[PDB]
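Asker: Pasting the sequence and an experimental structure:
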Amino acid sequence: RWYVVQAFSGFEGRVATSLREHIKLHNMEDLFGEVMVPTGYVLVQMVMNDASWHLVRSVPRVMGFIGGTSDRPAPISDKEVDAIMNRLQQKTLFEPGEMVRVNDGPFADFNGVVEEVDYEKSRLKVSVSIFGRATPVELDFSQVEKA
Amino acid sequence: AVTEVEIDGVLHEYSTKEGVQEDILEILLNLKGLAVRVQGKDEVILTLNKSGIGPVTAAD
Amino acid sequence: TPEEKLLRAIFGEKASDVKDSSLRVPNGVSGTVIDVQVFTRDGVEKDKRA
């Protein structure tokens, strides 16, 4: 298996050796076979576990793991297949504080909470989560779905 | 011999008709081997008006 | 600038004066179309033919 360790350009290589530096301190055997330095993206060979994750959380904070979720790398199916499953589940009833799943524009493959519900303008200011933060953007009743 | 033909229901070859066994590419060749005699004019346009359960002869 | 409000009707289409290409028929190769098939991503809209 291969897990993509996201690191920061300039010290991105530094992270790849800082893997191998801290590997010897927490040492036993196995886990890390062949550390690849391809370059914000450092591809690292690993089987899933609790070890080495604690190490990353002990020495941050620029970037973490890549794939689908940060705890457990690395899947491939994001949110469009989730947008197909929402069709069987189904509302145009949107209010402040309800989850409003986006699937149109550059905000596709991403979810969000609606901030502003306009009935006159026919828009939903849906806040999409990007870069460990938020992005509030107006997307139509159709450009989104109720979660 | 046969040269130019306009299908009623088909524009381009490489397709399959609704309710016929023989494909167009097959039928193209069936038309090639057909024999014609002309006395009166030079070039003529003719029509094959046919319908029903039955085998396509040649006269009709 | 003004020039963009003065470019939106020579190219009376899109929001801006921008259009290029994708891919084409190769030079030398010549043939006939039979049946075309369309695969557009679920999320964004399709054409008349799709």
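Answerer: Okay, I see it. Numbers count the residues shown, from 1 in each chain, chains lettered A, B, ... in the order given.

Asker: Quick one: residues in contact with the longest helix along chain A.
Answerer: Counting by DSSP state H, the longest helix found in chain A is helix A:12-26. Residues from elsewhere that reach helix A:12-26, judged by Cβ atoms under 8 Å, 6 or more residues apart in numbering or on different chains: A:5, A:7-8, A:31-32, A:35, A:37, A:39-42, A:44, A:51-52, A:55, A:58-59, A:62. Just so you know, the C-beta spots here come from the backbone N, C-alpha and C atoms, and that holds for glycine as well.

Asker: Give the ChimeraX command for selecting the buried subset of the residues you listed.
Answerer: If you want just the buried ones from these in ChimeraX, going by 16 or more other Cβ atoms under 10 Å in any protein chain shown, the selection is:
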select /A:5,7,35,42,44,52
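
Asker: Show only the entries of the contacts of helix A:12-26 found in helices.
Answerer: Using DSSP H, the members of the contacts of helix A:12-26 that fall in helices are A:55, A:58.

Asker: Residue C:1 versus the residue positioned nearest the centre of chain C, what's the distance?
Answerer: Residue closest to the mean C-alpha point of chain C, counted by Cα atoms, centre = their mean, is residue C:21 at 7.3 Å. Using Cβ to Cβ, to the nearest Å, residue C:21 is found at 27 Å from residue C:1.

Asker: next one: residue A:59
Answerer: According to Cβ to Cβ, residue A:59 stands 51 Å off from residue C:1.

Asker: Can you tell me the closest non-neighbouring residue to the residue nearest the centre of chain B?
Answerer: Centroid-nearest residue in chain B, with Cα atoms, centre = their mean: residue B:31, separated by 6.1 Å. Leaving aside its sequence neighbours, residue B:31 sits nearest to residue B:2 (Cβ to Cβ, 6 or more residues apart in numbering or on different chains; 4.4 Å).

Asker: just checking, that neighbour touches residue B:33?
Answerer: No. When contacts are counted by Cβ atoms under 8 Å, residue B:2 is not listed as touching residue B:33 (9.0 Å).

Asker: neighbour-wise, which of these two wins?
Answerer: Using other Cβ atoms under 10 Å in any protein chain shown, the more surrounded residue of residue B:2 and residue B:33 is residue B:2, with 11 against 8.

Asker: Can you name the residues that contact the more buried one?
Answerer: Residues counted as contacts of residue B:2 (Cβ under 8 Å, 6+ apart) are B:31-32, B:34, B:36.

Asker: now do residue B:22
Answerer: residue B:30.

Asker: Next, find the distance separating it from chain A.
Answerer: Using Cβ to the nearest Cβ, to the nearest Å, residue B:22 is found at 42 Å from chain A.

Asker: Next, give phi and psi for that residue.
Answerer: Backbone geometry at residue B:22, expressed as degrees, to the nearest 10, gives phi -80, psi 130.

Asker: gap between it and residue C:34?
Answerer: Distance of residue B:22 to residue C:34, given as Cβ to Cβ: 18 Å.
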